[PDB]
Every structure is written in structure tokens, then in C-alpha cells.
Peer 1: 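Take this structure first; my questions come after.
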Amino acid sequence: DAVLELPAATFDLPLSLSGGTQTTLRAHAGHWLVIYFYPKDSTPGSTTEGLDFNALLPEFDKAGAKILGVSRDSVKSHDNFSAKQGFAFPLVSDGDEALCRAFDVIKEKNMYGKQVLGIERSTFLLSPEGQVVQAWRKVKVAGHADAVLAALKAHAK
């Protein structure tokens, strides 16, 4: 079953991708989709996470699954990040945090004497039918991509 219910409109949100094209979650119907959210392009943790998923791409292909990385950085930033690291999967430029809010990854914390909001590293597995069947929040990068792959294989049966 679904572990998270997304607003219906979420599936038709135009998602800006590195490379200049757009996609939508509905467009990915028919196959598994891994959506991993990270705070910022080109940082140590997010570079490690991106490279980890990239190295496992063939394994995800074996399952027919697709991967999408997401942050609120610009398409230009994503293009530079992807080109420098050699990513072979798209990065979503969720500049207005529409997708982030849908998955509720924008968390609030009392810090610096006020309320500070930010993207919490999180990952989700979307089934071929468009259901969010597994979620990982407050993600620890080390070994994460390996865990997501294992879970995907378990779900795909």
C-alpha cells in the first residue's frame, strides 16, 4: 500500500530537468521511479549520493526503474553539476519547491532564534501505478543508494 498520499495535482506538475526538458510523475507511469531529494548541488554529501546512484544505474535499469534527483537549484546549476559528475539520470530543478512540498520534505527547525525551513534529504519509491510505496527521511548518505536498490528489488519482486 501507499505510505504517503500525494495531492492529485502533484502528478501533473511540470518538472524542469537538467538538459532543458520537462517531465511529470504521471509521464513515468508503467515503471518504478526513485525520487531522491537533496539540499544543494555540488556539496560533498549530495555529490556522494549522486555518484552512488549513478554507479548503480545498470542495476536500476535491470528493474526497468528510473531515477530522478531533486533540489531547488537552477537548471543551469544542475547542468554544471551533472556535467562535472557525469550523471546519466536527470536532476529536477524544483525552484519553487512544488515537488518538495508535495512530498513534505521542507522541514522547519527552531534555529538561530527563529524558524528555519530547508530541504531534508529524503528518498521515495514510486510504483509503476504511481503509488509512493516506501520512504526514507533524514537520509544518511553512506550506503543509501545500495539500500534503495535493495528495497526496489524487494518491491519489484
Side-chain angles (χ1 to χ4, degrees), residues 1-4 6 10-11 13 15-19 21-95 97-107 109 118-157:
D1 288 297
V3 297
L4 178 65
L6 299 171
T10 307
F11 300 101
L13 288 172
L15 309 175
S16 300
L17 301 180
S18 45
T21 66
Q22 289 78 56
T23 189
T24 71
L25 300 188
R26 180 59 180 280
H28 277 75
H31 55 80
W32 291 87
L33 175 63
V34 174
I35 305 175
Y36 82 90
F37 293 85
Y38 59 97
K40 183 75 176 182
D41 281 2
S42 309
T43 61
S46 295
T47 296
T48 300
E49 184 173 19
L51 287 171
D52 282 348
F53 276 112
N54 205 47
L56 292 170
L57 216 48
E59 302 298 338
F60 283 103
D61 293 329
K62 291 179 185 175
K66 293 300 181 183
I67 300 175
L68 288 178
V70 187
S71 83
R72 73 159 305 270
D73 292 292
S74 69
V75 173
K76 181 178 298 179
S77 175
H78 279 359
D79 283 347
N80 298 323
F81 187 26
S82 183
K84 177 63 67 178
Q85 304 306 326
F87 293 162
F89 58 83
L91 295 179
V92 178
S93 176
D94 190 37
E97 297 190 333
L99 193 63
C100 285
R101 287 193 299 280
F103 282 80
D104 194 35
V105 303
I106 300 307
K107 302 304 187 185
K109 297 182 179 182
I119 294 173
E120 170 172 285
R121 198 183 299 281
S122 309
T123 300
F124 306 84
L125 184 57
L126 187 70
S127 74
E129 296 65 52
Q131 301 197 78
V132 181
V133 301
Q134 191 161 343
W136 291 265
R137 295 178 184 276
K138 297 187 184 301
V139 172
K140 295 169 297 302
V141 178
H144 187 236
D146 287 333
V148 174
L149 173 61
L152 166 62
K153 297 183 67 180
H155 275 97
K157 310 304 177 183

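Position 1 is the first residue of the sequence; numbering continues from there.
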Peer 1: Once you round to the nearest 0.5 Å, how far does CD of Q22 lie from CG of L17?
Peer 2: 7.0 Å
Peer 1: Taking all heavy atoms of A55 and all of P58, pick out the closest pair and write down the distance.
Peer 2: O-CD, 3.9 Å
Peer 1: If you take all heavy atoms of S122 and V139, which pair is closest and at what distance?
Peer 2: CA-CG2, 3.7 Å
Peer 1: Work out which heavy atom in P39 is nearest to a heavy atom in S71; give both atom names and the distance.
Peer 2: O-CB, 4.3 Å
Peer 1: Could you pull out all residues at least two apart from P128 that satisfy side chain to side chain contact (heavy atoms under 4.5 Å, CB included)?
Peer 2: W32
Peer 1: Mind checking side chain to side chain contact (heavy atoms under 4.5 Å, CB included) for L6 and listing every partner two or more places apart, or none if nothing turns up?
Peer 2: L4, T10, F11, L25, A102, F103, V132
Peer 1: With rounding to the nearest 0.5 Å, note down the distance linking CZ in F60 to CD1 in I67.
Peer 2: 4.5 Å
Peer 1: Where the side chain of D73 meets the backbone of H78, is there a donor-acceptor pair that is under 3.5 Å apart?
Peer 2: no
Peer 1: Applying side chain to side chain contact (heavy atoms under 4.5 Å, CB included), name anything that partners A98, two or more places apart in sequence or on another chain.
Peer 2: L13, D94, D96, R101
Peer 1: Which residues pass the side chain to side chain contact (heavy atoms under 4.5 Å, CB included) test with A27, not counting sequence neighbours?
Peer 2: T23, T24
Peer 1: Check for a donor-acceptor pair, side chain of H155 on one end and backbone N or O of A151 on the other, with a separation under 3.5 Å.
Peer 2: yes
Peer 1: If you take all heavy atoms of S77 and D41, which pair is closest and at what distance?
Peer 2: OG-OD2, 2.8 Å
Peer 1: Going by heavy atoms in the side chains, are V148 and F53 under 4.5 Å from each other?
Peer 2: yes
Peer 1: Rounded to the nearest 0.5 Å, what's the gap from CG on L15 to OG1 on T21? Could you check?
Peer 2: 10.0 Å
Peer 1: Residues in salt bridge (charged side-chain N to carboxylate O under 4.0 Å, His left out) with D79, at least two apart?
Peer 2: none
Peer 1: Any donor-acceptor pair under 3.5 Å linking the side chain of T48 with the backbone of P44?
Peer 2: yes
Peer 1: Can you tell me how far apart CZ (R121) and CD (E49) are? Round to the nearest 0.5 Å.
Peer 2: 5.0 Å
Peer 1: How many angstroms lie between atom CG of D52 and atom CG of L57, to the nearest 0.5 angstrom?
Peer 2: 12.5 Å
Peer 1: How long is the straight-line distance from CD1 of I106 back to CZ of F37, given to the nearest 0.5 Å?
Peer 2: 8.5 Å
Peer 1: Run the numbers on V105 and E97 for side chain to side chain contact (heavy atoms under 4.5 Å, CB included), then give the verdict.
Peer 2: CA-CA 9 Å; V105 303; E97 297 190 333; over 6 Å; no
Peer 1: Counting only heavy atoms not in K40, do more than 12 fall under 6.0 Å of its NZ?
Peer 2: no
Peer 1: Would you list the atom pairs, donor with acceptor, under 3.5 Å between side chains in residues 80-92 and any protein atom, with sequence neighbours excluded?
Peer 2:
| from | atom 1 | to | atom 2 | distance (Å) |
| --- | --- | --- | --- | --- |
| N80 | ND2 | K76 | O | 3.1 |

Peer 1: Are the side chains of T123 and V34 in touch, meaning some heavy atoms are under 4.5 Å apart?
Peer 2: yes
